[PDB]
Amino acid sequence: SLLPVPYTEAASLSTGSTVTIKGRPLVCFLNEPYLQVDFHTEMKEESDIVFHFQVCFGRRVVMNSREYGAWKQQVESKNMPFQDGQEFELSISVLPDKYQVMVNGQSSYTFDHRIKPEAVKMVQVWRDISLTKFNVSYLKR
């Protein structure tokens, strides 16, 4: 809807930062839509990825990093709090030791830092969703 997808926004993250995304799947879970959020080290899409979050709605969630052009060890979770045909609010918080991902207010996934959050310069949100809101909190030093 409101925001274009793929959506790209230059960003800076540090401990205490929060990335909030509000959106909705474009098709029924039965047709398996995806959602992907990538934290890049450069403004270019072929750059390394500090945190890659991919949701196969109704199936699994996969998380990884791409360092020096190579994907590393994948982490998969079968935890699936997303609701079929519903709007969702995804919140990603930067803790000192890891990212904590909340879905509609409930802790659902965590991912220990492999590269310092300070290396992030861009965030891209894409795949089968409409995006109504995207916000990065620049509250802390």
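We number the residues from 1 along the sequence you see.
A.B. asks: Averaging C-alpha B-factors over each stretch, which comes out higher, 120 to 128 or 8 to 16?
C.D. replies: Averaged over C-alpha atoms, the B-factors run higher in 8 to 16.
A.B. asks: Determine, for stretches 46 to 54 and 103 to 111, which one has the higher mean CA B-factor as deposited.
C.D. replies: Comparing 46 to 54 with 103 to 111, the higher average CA B-factor belongs to 103 to 111.
A.B. asks: Would you mind finding, among 36, 31, 74, 93, the residue with the largest C-alpha temperature factor in the entry?
C.D. replies: Each of 36, 31, 74, 93 was compared by C-alpha B-factor; the highest is 74.
A.B. asks: Maximum C-alpha temperature factor per the entry, among 40, 66, 98, 78, belongs to which one?
C.D. replies: The listed residue with the largest C-alpha B-factor is 78.
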